[PDB]
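In what follows, a structure is listed as structure tokens, so that the remarks can point back to it.
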Amino acid sequence: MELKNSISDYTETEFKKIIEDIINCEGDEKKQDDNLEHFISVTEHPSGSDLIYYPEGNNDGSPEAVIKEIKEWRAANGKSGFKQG
């Protein structure tokens, strides 16, 4: 029983549940590590955890700024984001 196999198998708010899970700390450290691989994995975003620990200036203010930077990185790299309804 597996997490979303891609960013585009994700939706923007399911990706929040992973991204918010960590930032809150819905976890055991290990739950947050579990995300942290996955936050590389679906995203293909090369910096991964850099967006969480060494953030931009578009970033700091909310977990939204990572969903941004996922959307933004993906679209800049010509990749699909999460779901379109």
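Each residue of the sequence shown is one higher than the one before, starting from 1 at the first, in PDB author numbering. Positions of the beta carbon are idealized from the N, C-alpha and C atoms, including for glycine.
Local Cβ density within 10 Å of residue i, reported as buried at 16 or more and exposed below that
i	result
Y10	buried
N24	exposed
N35	buried
Short Cβ contact (8 angstroms threshold) for residue i with residue j
i	j	result
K83	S6	no
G27	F39	no
Distance, residue j Cα to residue i Cα
i	j	result
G85	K71	15 angstroms
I52	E12	17 angstroms
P55	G78	22 angstroms
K31	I22	8 angstroms
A75	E37	21 angstroms
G57	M1	37 angstroms
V42	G61	23 angstroms
Short CB-CB distance (under 8 angstroms) between residue i and chain C
i	result
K68	The chain inventory of the structure shown lacks chain C, comprising one protein chain alone.
Quiz item: Do the stretch 9-17 and the stretch 64-84 meet, that is, are 3 or more Cβ pairs less than 8 angstroms apart?
Solution: yes
Quiz item: Can you give, in chain order, each stretch of the alpha helix (DSSP H) that sits fully within the stretch 60-84 and has at least 4 residues?
Solution: 64-76
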